[PDB]
Amino acid sequence: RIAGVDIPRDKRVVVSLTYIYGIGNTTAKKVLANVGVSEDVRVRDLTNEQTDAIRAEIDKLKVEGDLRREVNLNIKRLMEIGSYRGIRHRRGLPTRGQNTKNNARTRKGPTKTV
Amino acid sequence: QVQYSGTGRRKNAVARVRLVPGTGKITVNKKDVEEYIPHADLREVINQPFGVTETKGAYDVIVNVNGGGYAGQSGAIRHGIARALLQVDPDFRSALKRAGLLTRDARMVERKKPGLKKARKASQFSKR
Amino acid sequence: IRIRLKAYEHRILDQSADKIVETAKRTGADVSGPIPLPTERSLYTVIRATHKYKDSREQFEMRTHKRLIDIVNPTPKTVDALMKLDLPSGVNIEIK
Amino acid sequence: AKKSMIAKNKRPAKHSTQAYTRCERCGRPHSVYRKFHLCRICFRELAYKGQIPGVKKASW
Amino acid sequence: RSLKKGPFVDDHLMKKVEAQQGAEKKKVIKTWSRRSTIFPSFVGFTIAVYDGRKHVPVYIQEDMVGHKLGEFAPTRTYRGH
Amino acid sequence: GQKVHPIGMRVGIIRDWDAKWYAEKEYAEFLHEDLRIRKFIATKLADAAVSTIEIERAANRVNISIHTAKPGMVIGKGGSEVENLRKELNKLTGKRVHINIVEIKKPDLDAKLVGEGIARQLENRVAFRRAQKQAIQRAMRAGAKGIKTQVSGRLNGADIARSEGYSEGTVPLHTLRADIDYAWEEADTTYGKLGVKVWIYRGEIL
Amino acid sequence: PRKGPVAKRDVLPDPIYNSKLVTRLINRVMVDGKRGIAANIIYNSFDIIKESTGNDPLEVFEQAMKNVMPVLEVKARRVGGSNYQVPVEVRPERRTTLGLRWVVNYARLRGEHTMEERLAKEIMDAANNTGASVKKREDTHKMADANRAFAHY
RNA sequence: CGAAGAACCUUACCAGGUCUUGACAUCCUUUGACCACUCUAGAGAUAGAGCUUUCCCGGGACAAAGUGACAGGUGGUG
RNA sequence: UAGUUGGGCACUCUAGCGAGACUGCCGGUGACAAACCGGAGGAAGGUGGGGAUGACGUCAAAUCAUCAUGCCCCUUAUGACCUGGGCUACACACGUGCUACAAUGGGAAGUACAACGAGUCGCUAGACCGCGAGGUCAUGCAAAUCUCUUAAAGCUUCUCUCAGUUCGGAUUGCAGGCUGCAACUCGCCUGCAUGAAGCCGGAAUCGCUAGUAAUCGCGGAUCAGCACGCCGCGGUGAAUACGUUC
Ligand SMILES: [K+]
Ligand SMILES: [Mg+2]
Ligand SMILES: [Mg+2]
Ligand SMILES: [Mg+2]
Ligand SMILES: [Mg+2]
Ligand SMILES: [Mg+2]
Ligand SMILES: [Mg+2]
Ligand SMILES: [Mg+2]
Ligand SMILES: [Mg+2]
Ligand SMILES: [Zn+2]
């Protein structure tokens, strides 16, 4: 559709572009402002010229594939050099200096009562 | 010219009131009451005394309010009007004292206390 | 002149303010009454125990009372008497 | 270990963050009020004795 | 420093490294400064950092410049339960 | 249960705080100066019947008021003692000092000196019941409305600690309008420490 | 409590309809002291009732309360090795409390998009004897009649 | 919960590098000043020098040694 | 332009001195009692509401680590100094909290009403820059004079319309800001991007009877910097109590 994702149709433009891996509300509003359209229309009521301008600015911006490659290469770099911050990833632990005693389920995954 | 003053208080709020002959308007700090109190539930609370004693279309009201929130201020205005109507006519006291409007509501805020996380609330006791 | 008195005990503060007012009326000047500014209480809470007993506590209070005096028609007599005079150490005084 | 800790206090600190409060009567050192330079414990004692000006029991 | 000012580094470490101008790797240097940054000058040396109990070595490469020294000298020998 | 210190309970209502000065920025300096002064006097004049200290401050001056039952001892022969005292106090404070001695009337009703004497007797290994009853006699003769004592420690080299005291008359601690005095005094014996609590009920304020 | 009954503070009427049920229902549906939101919800719901029905919203609500208010509670009693229920003639205030409680709870349980709509539909269903609140009424009465044998207790 | 603030300090624990009338005291034996500061190093503690000795009014708190009496222990027994 | 300026303190407010409430009065019941019941009046009626206030002693309850202290123990070291590390780990279990799981709601805009309290190398107005956190200049204030401080919930609109969603916000990457010699172990905040679990929770169990619960924010102590905690403050503001079978 735009960058490899068939976005919704009953949704409005900003909130439907939020479903791209790299675009939130702020950048969506910035893009629609740079293009000069209405932010409160629904994408099943667009002119294809507006769609094309949207696609152009999105391609100018860094999105799904490049974004995954960039973040993952960063992670792989810090894992392969052997930093603490990458050992956290390699071990499945939190990374921002949190306490790993009574919490950290979002990295530990499921609990294992032992 | 003629003025019938009162001073009402309710829940950390104060209302300096003066009744003057008029039609039934209630100014509140250079603002209308239906703009100052957006709730229609409390303008009736204010106009209770005029419902007790038939004085509704008699007096415009002028108020200087301070402290509290909208409902404490409404009760303050209620109390102040009930006071000023005695300067007007003490014969209305026989009905105001049955309404309980001279009764200054002493329902004030309770202390917070140490060991308790709030006034009468306590932390969850665990037997073990 | 404006004089700010402040203390921890109104029972002494009032006596001292009366002393000031009487010295002023003696030296022949007009003064505002000693008008009271708001007290200020600094609260303090302390664990009533020495170790690990945390729910039982004790609340101390440092209240400061404070009075304000004006002097309208300062005679040199007035300005000299109200700078010669001494007071207890509980009260404290600041002029102008 | 104690009283060398008080020596460390009263000696000049290398850095401004290495300066830390201390009771001045007991060296607790936690629970200190800057207005008094006193632990809560000695504060309570001396307030009972009356040796702290202005303080008293509180209730409202 | 997360303030757009001097990228922090210790004076003695800077001094010894800059004295090591020929960039010989045998010129291995030690430090207790886990808090300093890394610079391009460091890129290619085998520095030994005090991890609380030992001087653990580490060889620097390009992928460490924005990082600290203590990140490559952990202090907790966790091995599972 | 645990009790509240009576003097602490009754500050403001019945008693004025003993450090009768005021300051904001030099508050802590003045207070710890007062404490150093009290410690120095307690160390020096332990032989004297020092009971109550008061300190006032006035613009680089330190007025002091010392209650004592043996003033002749503290003043010395027509002086010659307070001078050395204020010399040392000026050395400590770094400022000028003035002293007013007060002669304690009825020292057997002041709670601190009773405790000092009882603790000295107990250090001299006198019977604790004897000491308590004797002090109670002395006070209730001197004109008390009531008195109460409490000694607690290793009494007569015991293997177990306990607390034993007696009382004559009234000690309404929960009544604030009381002029109750209280005193703690510690005795350092070979077997350890003993604690002498005294509290005395004088006539009250209305 | 051990010391006998307690007399409760009186009820404040409603400003527009001059009723006590309305204000007490405001207090019921209220959450976190929000009389304004609760009252707006109720007045808009009764506006819907006025819209879809010519009868007075207050009269429709009276009819619903007549159709939901029970007459007989079940009260629990533990006779040694068996705890069982007992029918109980319900006091007239308890009747109204249970009525408002049932109405409001099953209303907010209803699966519509606004509490306004939920409450209005629930009240109309109750006035026509079709609602979950009326099911609850029927259940309590059927249990009272099924345990009617303990009239002596 | 002591903790009314675990980056250093705190911190009492661990590794390494250091000292032993001692970091903190009183009593003594110096013909008296020495703190502070600049550099060399050093992770720093610490030593090497220099800037310095100006102790103050026999006395007065401070700097050294030297003298051992002693200090010191958040070391146990609540 | 603004209580502004003049004037006045009248009302408020401040804070001292006082009054007031004591079954004090009316009737009923009661041993002619104490007392209870209601009533009147009064701001308030029955210890008005709350607090400080913790008897003999019990738990050989806790505290030798706040402090002091007997005895024992080390005293070329269990003492002392420095740096770095650790108290922040992580298969897991528990307690106390915060956020939530939504439309009584999310988001954008506008707008209204508090109190307590803190402030000198500290609170900082106003102006400018910055998406923002914040930065530059610079004024007032040792303070009812200035500031923190236009509080948030609330109210009126618009939009979202049932959805793991515009919910939820975790976690993670990137850029920055502050503090401070130094923010990796190990700080707080912001922006961008991702967008997990979670659709009201088993057995069981906790708090609360009125300005309470519930919810909403505000300040302060510690503090160079940092708390979802602690202490206090006020805003909005319920339901129920038949009764002692258990
Ligand atoms: K802070
Ligand atoms: Mg953390
Ligand atoms: Mg509250
Ligand atoms: Mg540390
Ligand atoms: Mg009592
Ligand atoms: Mg134990
Ligand atoms: Mg911990
Ligand atoms: Mg959201
Ligand atoms: Mg109760
Ligand atoms: Zn202390």
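Chains as they are written, first to last, in the deposited numbering: chain n, 3 to 116; chain j, 3 to 130; chain k, 6 to 101; chain o, 2 to 61; chain t, 3 to 83; chain d, 2 to 207; chain h, 2 to 154.
Cβ atoms here follow ideal geometry from the backbone N, Cα and C, with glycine treated the same way.
Going by beta carbon distance, what residues of the same chain come within less than 8 Å of residue i, once the five residues before and after it are set aside?
i: k:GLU14; result: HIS70, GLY95
i: t:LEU15; result: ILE31, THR33, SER35, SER38
i: k:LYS82; result: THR32, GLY33
i: d:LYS96; result: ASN61, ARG62, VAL63
i: o:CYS40; result: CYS24, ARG26, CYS27, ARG29, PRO30, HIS31, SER32, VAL33
Run the CB neighbour count on residue i, radius 10 Å, all protein chains shown included, and call it buried at 16 or more, exposed below.
i: h:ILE124; result: buried
i: d:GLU30; result: exposed
i: o:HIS16; result: exposed
i: o:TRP61; result: exposed
i: j:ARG12; result: buried
i: j:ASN49; result: buried
i: d:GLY73; result: exposed
i: h:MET70; result: buried
i: h:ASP146; result: exposed
i: h:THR24; result: buried
Residue i touches chain h at which residues, Cβ-Cβ below 7 Å?
i: j:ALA101; result: None at all; the shortest Cβ gap to chain h is about 11 Å.
Quick one: residues in its chain with C-beta nearer than 6 Å to the C-beta of residue i, no 5 flanking neighbours on either side, listed in chain order?
i: n:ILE25; result: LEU19
i: k:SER21; result: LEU92, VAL96
i: h:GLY132; result: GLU123, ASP126
i: d:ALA70; result: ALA50, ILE105, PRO108
i: j:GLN75; result: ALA15, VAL67
Listing by chain order, which chain j residues have their CB less than 7 Å from the CB of residue i?
i: h:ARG36; result: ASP43
i: h:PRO16; result: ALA42, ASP43, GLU46
Output, in chain order, the set of chain j residues within a Cβ distance shorter than 8 Å of residue i.
i: k:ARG62; result: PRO116, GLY117
Grab me the residues of residue i's own chain with a C-beta within less than 7 Å of its C-beta, minus the 5 sequence neighbours each way, in chain order.
i: k:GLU66; result: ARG46, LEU48
i: h:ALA39; result: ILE27, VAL30, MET31
Going by DSSP, name the residue or residues bridged to residue i.
i: k:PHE65; result: k:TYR49, o:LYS58
i: j:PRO23; result: j:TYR61
i: o:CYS40; result: o:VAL33
i: d:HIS99; result: d:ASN64
i: k:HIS70; result: k:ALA12
i: t:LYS32; result: t:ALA50
i: o:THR22; result: None; o:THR22 has no bridge partner.
i: j:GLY10; result: j:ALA17
Below 7 Å on C-beta distance, what does residue i contact in chain o?
i: d:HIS6; result: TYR49
Using a cut-off of 8 Å between C-beta atoms, extract the partners of residue i located in chain k.
i: o:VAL56; result: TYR49, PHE65, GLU66, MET67
i: o:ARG41; result: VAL51, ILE52
Which residues of chain o have a Cβ atom closer than 8 Å to the Cβ of residue i, listed in chain order?
i: d:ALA20; result: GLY51, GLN52, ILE53, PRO54
i: k:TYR13; result: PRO54, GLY55
So which residues of chain n does residue i contact, with C-beta pairs closer than 9 Å?
i: t:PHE74; result: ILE83, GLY84, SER85, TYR86
Just to make sure I have the definition right: I need the residues of chain t whose C-beta is within less than 8 Å of the C-beta of residue i. Which are they?
i: n:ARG79; result: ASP65
Cβ closer than 8 Å: which chain d residues qualify as neighbours of residue i?
i: o:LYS9; result: Under the 8 Å cutoff, chain d gives no residues; its nearest Cβ is about 19 Å from o:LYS9.
Starting from the beta carbon of residue i, find every residue of chain n whose beta carbon is closer than 8 Å, and list them in chain order.
i: t:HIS57; result: By Cβ distance, chain n contributes nothing, its closest Cβ being about 17 Å from t:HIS57, past 8 Å.
Could you list which residues in chain k have their beta carbon closer than 9 Å to that of residue i, in chain order?
i: d:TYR28; result: What d:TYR28 touches in chain k: nothing, since even the nearest Cβ is about 10 Å away.
*Check whether the region 17 to 36 of chain k touches the region 74 to 81 of chain k, taking contact to mean three or more Cβ pairs, one atom from each stretch, closer than 8 Å.*
Cβ pair count under 8 Å is three or more, so yes.
*Could you tell me whether the region 19 to 27 of chain d touches the region 184 to 202 of chain d, where touching means 3 or more Cβ pairs closer than 8 Å?*
In this structure the region 19 to 27 of chain d does not lie against the region 184 to 202 of chain d, because fewer than three pairs of beta carbons, one per stretch, are closer than 8 Å.
_For the pair the region 53 to 69 of chain h and the region 67 to 86 of chain j, tell me if three or more CB-CB distances fall below 8 Å._
Too few Cβ pairs lie closer than 8 Å, so no.
*asked:* Does the region 50 to 64 of chain t come into contact with the region 11 to 25 of chain t, if we say contact requires no fewer than three beta-carbon pairs (one atom in each stretch) closer than 8 Å?
replied: Judged by Cβ distances under 8 Å, the region 50 to 64 of chain t makes no contact with the region 11 to 25 of chain t, as fewer than three pairs qualify.
_Under 8 Å: do the region 139 to 150 of chain d and the region 78 to 97 of chain d share three or more Cβ pairs, one atom per stretch?_
No, they do not touch.
*Just checking, does the region 52 to 72 of chain j make contact with the region 18 to 26 of chain j on the three C-beta pairs under 8 Å criterion?*
Flag = yes, the region 52 to 72 of chain j and the region 18 to 26 of chain j touch.
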